[PDB]
């Protein structure tokens, strides 16, 4: 599946959906997540409550509130257990399967850069990418970076990839 890389606000992504890294209890915290709750609205966390706990590595779909997308796909990367490049690969494929299930066409993930927290940012991007490139080409995946710097580097990695087909 294709990948575009841009600096910007994920809350301002226009498309079928946006993927939200989450804890398996579906409790949206601060930072980007809270921003999604803010711009999105109460209804999002409400649906997350209706669903309840899920497994780390799995995904859950939710309406996107006032956001310019139809759904918000929640992918549990941690909660019952710490986040790992292992739990991320899973949360990604899981979110990618939901996208396919709902017949989505334009989905956007977020590249937290230095805000990745526990795992080495570069490696998380790699793992997420590996999974995405396996997803159906009926998808148009967009990586939204917080900084232009990290986005440009990502694009260069995407170019270096094409040019060689690593």
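Residue numbers count along the first chain shown, from 1.
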Should the higher mean CA B-factor in the entry be assigned to 33 to 41 or to 122 to 130? 33 to 41
Regarding 154 to 162 and 8 to 16, which shows the higher C-alpha temperature factor on average in the entry? 154 to 162
Which is it among 26, 69, 99, 111: the one with the largest CA B-factor in the entry? 99
Specify which of 107, 48, 56, 135 carries the largest Cα B factor in the deposited PDB entry. 56
Taking the C-alpha B-factors as the PDB entry records them, is residue 61 in the lowest, middle or highest third of its chain? lowest
